[PDB]
Amino acid sequence: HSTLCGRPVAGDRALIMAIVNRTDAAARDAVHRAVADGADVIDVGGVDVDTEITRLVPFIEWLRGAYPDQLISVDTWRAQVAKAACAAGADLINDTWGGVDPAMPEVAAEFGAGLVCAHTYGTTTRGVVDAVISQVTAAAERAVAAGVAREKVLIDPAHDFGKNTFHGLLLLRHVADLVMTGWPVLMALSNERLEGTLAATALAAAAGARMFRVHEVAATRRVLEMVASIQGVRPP
Amino acid sequence: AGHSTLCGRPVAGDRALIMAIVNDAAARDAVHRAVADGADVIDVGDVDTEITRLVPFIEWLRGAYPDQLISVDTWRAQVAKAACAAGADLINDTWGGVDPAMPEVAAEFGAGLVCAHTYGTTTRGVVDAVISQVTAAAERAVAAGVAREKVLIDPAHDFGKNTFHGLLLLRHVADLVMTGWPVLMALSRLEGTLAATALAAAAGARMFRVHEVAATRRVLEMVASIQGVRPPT
């Protein structure tokens, strides 16, 4: 098994980040299920800042209690929120917006937490990819120079785009290029629809994407296992 | 439109192809469901009893769907010959050329032919032997007069997606595709199959032999739209 952010993480396939939202027992169960199905990261998500803290903290606290070796990430764009979440036990900040809060890399640095760097004439269709690669690659370097450990930085070049928009599909076509930057690549492929999502997952995983943010852990795990088997089975 | 053509028949022009396996009433229904789901090919499958059952069905298929590519799943020339006479466009020789007259029957009718393949050597050795022997079988068909562009190679027939060789040939679909012959994929838990299908299609595999068309179709659609052959939805 590999380690991401000092936590045990699957070593024989791409990793799974499981989206878990509050609304309590259901949330607890959501975690239990994701772990059981092999989630490598539990990505905890949720109006206010004060109340948002009093929603994430006990949950992260509980999660860390139940699963001491589980890699926990927090889905927040606010530095104040990330601060208490890291203190509660979060290992990774998943800035789902991109860097609306300039103080965010500082927070990751202080707590020794990882950070997701996400991407929120004319020039060729190749340039569109290079324009993205450039912007996330700078986001990654700006985090590292702020004091975030290099290895704990992941890049999320195609965030929120979802299944079928031109930009989305292009970046999907060019995952290999994203991977070749040398930063671990996070994909957010989620949301009859699932066939296309799994196909994209497969392709992305085959091009070297490191992590996948999903709601359904098991379907994704089985795809990544198959990709891994196809690409890596060699003992006859 | 924008269809392209296989064996003279319209075929999805913007994704890899689907071959639907159909093996009386519930049989006709299976064809109806497959065609509606966008199956590009309907694989249909003593000689006398096999023929007298097969022929009328292919004559029905032809009449019910005049522009549908039809393949016959048989290993004997006699049965194949009777199937092509009924309307079959493609001989799906599922046993890899047990009957030596098979390519003669395909040539006679101007039918297409699937050159199928079904091993303690090296990893590269398997791939090379499979390629070697499907590639030589295809060239054998063209020598017998089968139209070059109506030949399909079936490198991994029945290989089993979860067996070691099945995974080996999946990893090397590119090598199969690189031979220049159109590659049919035909192996028999759902997400792994759809994963393999996704990977084979992006590597340029031409056709997929399946039982359930819809799910495979969606996978091929996505691959095609990722590679820019289909538009964004």
# chains A, B, ... in the order shown; residues from 1 in each chain; ligands from 1
>>> residues_around(residues="residue 156 in chain B", least_positions_apart="6", cutoff="8 Å", atoms="only C-alpha atoms", output="ChimeraX atom specification")
/B:116-118,166,169,185-187
>>> write_last_selection(atoms="N, CA, C and O atoms", output="PDB file, in the first residue's frame")
ATOM      1  N   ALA B 116     -11.411 -15.464 -36.256  1.00  0.00           N
ATOM      2  CA  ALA B 116     -11.372 -15.569 -34.808  1.00  0.00           C
ATOM      3  C   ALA B 116     -10.171 -16.385 -34.362  1.00  0.00           C
ATOM      4  O   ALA B 116      -9.652 -17.201 -35.126  1.00  0.00           O
ATOM      5  N   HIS B 117      -9.730 -16.138 -33.128  1.00  0.00           N
ATOM      6  CA  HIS B 117      -8.675 -16.919 -32.480  1.00  0.00           C
ATOM      7  C   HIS B 117      -9.183 -17.465 -31.156  1.00  0.00           C
ATOM      8  O   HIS B 117      -9.583 -16.688 -30.286  1.00  0.00           O
ATOM      9  N   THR B 118      -9.174 -18.791 -30.999  1.00  0.00           N
ATOM     10  CA  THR B 118      -9.406 -19.406 -29.673  1.00  0.00           C
ATOM     11  C   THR B 118      -8.777 -20.800 -29.493  1.00  0.00           C
ATOM     12  O   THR B 118      -9.142 -21.765 -30.171  1.00  0.00           O
ATOM     13  N   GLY B 166      -6.834 -12.926 -21.257  1.00  0.00           N
ATOM     14  CA  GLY B 166      -7.857 -11.935 -21.553  1.00  0.00           C
ATOM     15  C   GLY B 166      -7.387 -10.536 -21.206  1.00  0.00           C
ATOM     16  O   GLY B 166      -7.564  -9.610 -21.988  1.00  0.00           O
ATOM     17  N   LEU B 169      -4.405  -9.430 -23.680  1.00  0.00           N
ATOM     18  CA  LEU B 169      -4.835  -8.940 -24.976  1.00  0.00           C
ATOM     19  C   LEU B 169      -5.564  -7.619 -24.857  1.00  0.00           C
ATOM     20  O   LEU B 169      -5.551  -6.819 -25.791  1.00  0.00           O
ATOM     21  N   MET B 185     -14.029  -7.265 -30.562  1.00  0.00           N
ATOM     22  CA  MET B 185     -13.817  -7.679 -29.185  1.00  0.00           C
ATOM     23  C   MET B 185     -14.999  -8.515 -28.726  1.00  0.00           C
ATOM     24  O   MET B 185     -16.147  -8.086 -28.830  1.00  0.00           O
ATOM     25  N   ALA B 186     -14.707  -9.701 -28.201  1.00  0.00           N
ATOM     26  CA  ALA B 186     -15.742 -10.674 -27.864  1.00  0.00           C
ATOM     27  C   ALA B 186     -15.348 -11.514 -26.663  1.00  0.00           C
ATOM     28  O   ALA B 186     -14.935 -12.669 -26.818  1.00  0.00           O
ATOM     29  N   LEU B 187     -15.451 -10.946 -25.467  1.00  0.00           N
ATOM     30  CA  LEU B 187     -15.246 -11.739 -24.263  1.00  0.00           C
ATOM     31  C   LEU B 187     -16.531 -11.732 -23.432  1.00  0.00           C
ATOM     32  O   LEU B 187     -17.328 -10.786 -23.519  1.00  0.00           O
TER      33      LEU B 187
END
>>> residues_around(residues="residue 213 in chain B", least_positions_apart="6", cutoff="9 Å", atoms="only C-alpha atoms", output="JSON, numbers by chain")
{"B": [18, 19, 20, 33, 34, 35, 37, 38, 39]}
>>> write_last_selection(atoms="N, CA and C atoms", output="PDB file, in the first residue's frame")
ATOM      1  N   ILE B  18     -21.412  -2.109 -32.458  1.00  0.00           N
ATOM      2  CA  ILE B  18     -21.926  -3.153 -31.585  1.00  0.00           C
ATOM      3  C   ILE B  18     -22.464  -4.335 -32.389  1.00  0.00           C
ATOM      4  N   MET B  19     -22.043  -5.537 -32.003  1.00  0.00           N
ATOM      5  CA  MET B  19     -22.597  -6.776 -32.549  1.00  0.00           C
ATOM      6  C   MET B  19     -23.467  -7.426 -31.471  1.00  0.00           C
ATOM      7  N   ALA B  20     -24.769  -7.491 -31.712  1.00  0.00           N
ATOM      8  CA  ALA B  20     -25.696  -8.058 -30.732  1.00  0.00           C
ATOM      9  C   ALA B  20     -25.870  -9.554 -30.936  1.00  0.00           C
ATOM     10  N   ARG B  33     -35.353  -5.381 -29.874  1.00  0.00           N
ATOM     11  CA  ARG B  33     -34.696  -4.646 -28.794  1.00  0.00           C
ATOM     12  C   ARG B  33     -33.273  -4.226 -29.169  1.00  0.00           C
ATOM     13  N   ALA B  34     -32.512  -5.143 -29.759  1.00  0.00           N
ATOM     14  CA  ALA B  34     -31.148  -4.849 -30.186  1.00  0.00           C
ATOM     15  C   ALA B  34     -31.068  -3.728 -31.233  1.00  0.00           C
ATOM     16  N   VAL B  35     -31.965  -3.759 -32.220  1.00  0.00           N
ATOM     17  CA  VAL B  35     -31.959  -2.769 -33.299  1.00  0.00           C
ATOM     18  C   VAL B  35     -32.322  -1.390 -32.757  1.00  0.00           C
ATOM     19  N   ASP B  37     -31.907  -0.415 -29.730  1.00  0.00           N
ATOM     20  CA  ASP B  37     -30.788   0.008 -28.903  1.00  0.00           C
ATOM     21  C   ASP B  37     -29.546   0.363 -29.730  1.00  0.00           C
ATOM     22  N   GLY B  38     -29.645   0.234 -31.047  1.00  0.00           N
ATOM     23  CA  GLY B  38     -28.567   0.636 -31.937  1.00  0.00           C
ATOM     24  C   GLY B  38     -27.508  -0.412 -32.237  1.00  0.00           C
ATOM     25  N   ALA B  39     -27.870  -1.691 -32.131  1.00  0.00           N
ATOM     26  CA  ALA B  39     -26.987  -2.770 -32.575  1.00  0.00           C
ATOM     27  C   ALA B  39     -26.678  -2.601 -34.064  1.00  0.00           C
TER      28      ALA B  39
END
>>> atom_distance(atom1="CA of residue 41 in chain B", atom2="CA of residue 207 in chain B")
9.2 Å
>>> atom_distance(atom1="CA of residue 197 in chain A", atom2="CA of residue 140 in chain A")
26.6 Å
>>> closest_atom_pairs(of="chain B", to="chain A", cutoff="9 Å", atoms="only C-alpha atoms", output="tab-separated table")
residue	atom	partner	partner_atom	distance
B:120	CA	A:236	CA	8.5
B:122	CA	A:236	CA	8.8
B:123	CA	A:234	CA	7.7
B:162	CA	A:229	CA	8.6
B:164	CA	A:236	CA	7.2
B:166	CA	A:230	CA	8.6
B:167	CA	A:230	CA	4.9
B:168	CA	A:230	CA	6.7
B:169	CA	A:230	CA	8.5
B:170	CA	A:230	CA	6.2
B:171	CA	A:230	CA	5.3
B:189	CA	A:222	CA	8.8
B:191	CA	A:223	CA	5.7
B:192	CA	A:226	CA	5.3
B:193	CA	A:226	CA	8.2
B:194	CA	A:199	CA	6.9
B:195	CA	A:202	CA	5.5
B:196	CA	A:226	CA	7.1
B:197	CA	A:199	CA	8.2
B:198	CA	A:199	CA	5.3
B:199	CA	A:203	CA	6.3
B:202	CA	A:203	CA	7.8
B:214	CA	A:192	CA	8.8
B:215	CA	A:195	CA	6.4
B:216	CA	A:195	CA	8.0
B:217	CA	A:195	CA	9.0
B:218	CA	A:195	CA	5.9
B:219	CA	A:196	CA	5.4
B:220	CA	A:199	CA	8.1
B:221	CA	A:196	CA	7.7
B:222	CA	A:196	CA	5.2
B:223	CA	A:199	CA	6.8
B:225	CA	A:169	CA	7.0
B:226	CA	A:169	CA	4.8
B:227	CA	A:173	CA	6.0
B:228	CA	A:170	CA	7.9
B:231	CA	A:166	CA	7.8
B:232	CA	A:164	CA	5.0
B:233	CA	A:164	CA	5.3
>>> write_last_selection(atoms="N, CA, C and O atoms", output="compact mmCIF listing (two decimals), in the first residue's frame")
# COMPACT_ATOMS: atom_id res chain seq x y z
N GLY B 120 1.79 -21.47 -22.76
CA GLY B 120 2.85 -21.25 -21.77
C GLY B 120 4.04 -20.37 -22.15
O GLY B 120 5.01 -20.31 -21.41
N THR B 122 5.88 -16.53 -23.47
CA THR B 122 6.05 -15.24 -22.81
C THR B 122 4.84 -14.34 -23.01
O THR B 122 3.97 -14.64 -23.81
N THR B 123 4.80 -13.25 -22.24
CA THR B 123 3.75 -12.24 -22.33
C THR B 123 3.63 -11.69 -23.75
O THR B 123 2.55 -11.69 -24.35
N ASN B 162 -11.53 -11.81 -17.22
CA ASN B 162 -10.88 -12.00 -15.93
C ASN B 162 -9.72 -13.01 -15.90
O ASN B 162 -9.03 -13.14 -14.89
N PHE B 164 -5.95 -14.37 -17.23
CA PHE B 164 -4.68 -13.70 -17.48
C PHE B 164 -4.48 -13.31 -18.95
O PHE B 164 -4.01 -12.21 -19.24
N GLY B 166 -6.83 -12.93 -21.26
CA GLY B 166 -7.86 -11.94 -21.55
C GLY B 166 -7.39 -10.54 -21.21
O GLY B 166 -7.56 -9.61 -21.99
N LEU B 167 -6.78 -10.39 -20.03
CA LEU B 167 -6.22 -9.11 -19.61
C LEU B 167 -5.00 -8.72 -20.46
O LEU B 167 -4.82 -7.55 -20.78
N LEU B 168 -4.20 -9.71 -20.84
CA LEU B 168 -3.02 -9.49 -21.68
C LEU B 168 -3.40 -8.86 -23.02
O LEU B 168 -2.80 -7.87 -23.45
N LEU B 169 -4.41 -9.43 -23.68
CA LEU B 169 -4.84 -8.94 -24.98
C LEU B 169 -5.56 -7.62 -24.86
O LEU B 169 -5.55 -6.82 -25.79
N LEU B 170 -6.20 -7.38 -23.71
CA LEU B 170 -6.82 -6.09 -23.45
C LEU B 170 -5.74 -5.02 -23.38
O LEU B 170 -5.82 -4.01 -24.07
N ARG B 171 -4.71 -5.25 -22.57
CA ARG B 171 -3.57 -4.35 -22.51
C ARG B 171 -2.95 -4.09 -23.88
O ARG B 171 -2.40 -3.02 -24.10
N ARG B 189 -18.92 -9.41 -13.86
CA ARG B 189 -19.48 -8.25 -13.17
C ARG B 189 -19.37 -7.02 -14.06
O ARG B 189 -18.30 -6.74 -14.62
N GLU B 191 -19.22 -3.59 -14.31
CA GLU B 191 -18.33 -2.42 -14.38
C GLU B 191 -16.95 -2.72 -14.96
O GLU B 191 -16.37 -1.88 -15.64
N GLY B 192 -16.45 -3.92 -14.70
CA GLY B 192 -15.18 -4.36 -15.29
C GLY B 192 -15.27 -4.53 -16.80
O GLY B 192 -14.36 -4.16 -17.53
N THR B 193 -16.39 -5.09 -17.25
CA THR B 193 -16.65 -5.27 -18.67
C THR B 193 -16.74 -3.93 -19.37
O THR B 193 -16.21 -3.75 -20.47
N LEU B 194 -17.42 -2.99 -18.72
CA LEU B 194 -17.60 -1.67 -19.32
C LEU B 194 -16.30 -0.91 -19.31
O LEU B 194 -16.02 -0.14 -20.24
N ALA B 195 -15.49 -1.14 -18.28
CA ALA B 195 -14.15 -0.59 -18.21
C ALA B 195 -13.29 -1.09 -19.38
O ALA B 195 -12.76 -0.29 -20.15
N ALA B 196 -13.19 -2.42 -19.51
CA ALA B 196 -12.44 -3.03 -20.61
C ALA B 196 -12.93 -2.51 -21.95
O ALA B 196 -12.12 -2.15 -22.81
N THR B 197 -14.25 -2.45 -22.12
CA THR B 197 -14.85 -1.93 -23.34
C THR B 197 -14.38 -0.51 -23.58
O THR B 197 -13.96 -0.19 -24.68
N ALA B 198 -14.45 0.34 -22.56
CA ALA B 198 -13.98 1.72 -22.67
C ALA B 198 -12.52 1.77 -23.15
O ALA B 198 -12.19 2.53 -24.06
N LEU B 199 -11.67 0.95 -22.54
CA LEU B 199 -10.25 0.96 -22.87
C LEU B 199 -9.96 0.44 -24.27
O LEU B 199 -9.09 0.97 -24.97
N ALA B 202 -11.21 3.17 -26.96
CA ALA B 202 -10.28 4.30 -27.08
C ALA B 202 -8.99 3.90 -27.80
O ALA B 202 -8.30 4.74 -28.35
N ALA B 214 -27.55 -1.52 -25.06
CA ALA B 214 -27.66 -0.18 -24.49
C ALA B 214 -26.45 0.27 -23.66
O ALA B 214 -25.84 1.30 -23.97
N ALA B 215 -26.08 -0.49 -22.62
CA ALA B 215 -24.97 -0.10 -21.76
C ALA B 215 -23.68 0.05 -22.57
O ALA B 215 -22.98 1.04 -22.43
N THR B 216 -23.39 -0.92 -23.42
CA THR B 216 -22.18 -0.86 -24.24
C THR B 216 -22.24 0.38 -25.12
O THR B 216 -21.23 1.08 -25.27
N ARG B 217 -23.41 0.67 -25.68
CA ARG B 217 -23.59 1.82 -26.55
C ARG B 217 -23.20 3.10 -25.83
O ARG B 217 -22.42 3.90 -26.35
N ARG B 218 -23.71 3.26 -24.61
CA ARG B 218 -23.41 4.45 -23.82
C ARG B 218 -21.91 4.59 -23.57
O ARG B 218 -21.38 5.71 -23.60
N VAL B 219 -21.23 3.48 -23.34
CA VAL B 219 -19.79 3.52 -23.11
C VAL B 219 -19.08 4.02 -24.37
O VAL B 219 -18.22 4.91 -24.31
N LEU B 220 -19.46 3.45 -25.51
CA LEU B 220 -18.84 3.79 -26.79
C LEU B 220 -19.16 5.22 -27.19
O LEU B 220 -18.32 5.91 -27.78
N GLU B 221 -20.36 5.67 -26.85
CA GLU B 221 -20.75 7.05 -27.08
C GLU B 221 -19.83 8.02 -26.32
O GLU B 221 -19.32 8.98 -26.90
N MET B 222 -19.59 7.74 -25.04
CA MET B 222 -18.75 8.59 -24.21
C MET B 222 -17.31 8.62 -24.72
O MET B 222 -16.71 9.70 -24.86
N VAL B 223 -16.76 7.45 -24.99
CA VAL B 223 -15.42 7.35 -25.55
C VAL B 223 -15.37 8.22 -26.81
O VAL B 223 -14.48 9.07 -26.95
N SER B 225 -17.20 10.69 -27.66
CA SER B 225 -17.35 12.11 -27.42
C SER B 225 -16.14 12.71 -26.70
O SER B 225 -15.81 13.86 -26.92
N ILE B 226 -15.48 11.91 -25.87
CA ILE B 226 -14.15 12.26 -25.33
C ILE B 226 -13.12 12.44 -26.46
O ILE B 226 -12.31 13.36 -26.41
N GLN B 227 -13.15 11.57 -27.47
CA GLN B 227 -12.16 11.66 -28.54
C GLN B 227 -12.56 12.66 -29.65
O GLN B 227 -11.84 12.87 -30.62
N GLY B 228 -13.71 13.30 -29.45
CA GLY B 228 -14.16 14.38 -30.30
C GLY B 228 -14.88 13.91 -31.54
O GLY B 228 -15.21 14.72 -32.42
N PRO B 231 -20.14 14.94 -30.50
CA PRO B 231 -20.20 16.23 -29.81
C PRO B 231 -20.45 16.08 -28.31
O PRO B 231 -20.80 14.99 -27.85
N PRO B 232 -20.27 17.16 -27.53
CA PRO B 232 -20.78 17.14 -26.17
C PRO B 232 -22.30 17.00 -26.16
O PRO B 232 -22.98 17.55 -27.04
N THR B 233 -22.82 16.26 -25.19
CA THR B 233 -24.27 16.21 -24.95
C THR B 233 -24.71 17.35 -24.04
O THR B 233 -24.83 18.50 -24.48
>>> residues_around(residues="residue 5 in chain B", least_positions_apart="4", cutoff="12 Å", atoms="only C-alpha atoms", output="ChimeraX atom specification")
/B:1,9-14,17,40-41,67-69,149-150
>>> select_by_dssp(residues="range 193-231 of chain A", states="alpha helix (DSSP H)", output="ChimeraX atom specification")
/A:193-206,217-231
>>> closest_residue(among="B:114, B:133, B:22, B:143", to="residue 183 in chain B", atoms="only C-alpha atoms")
B:114
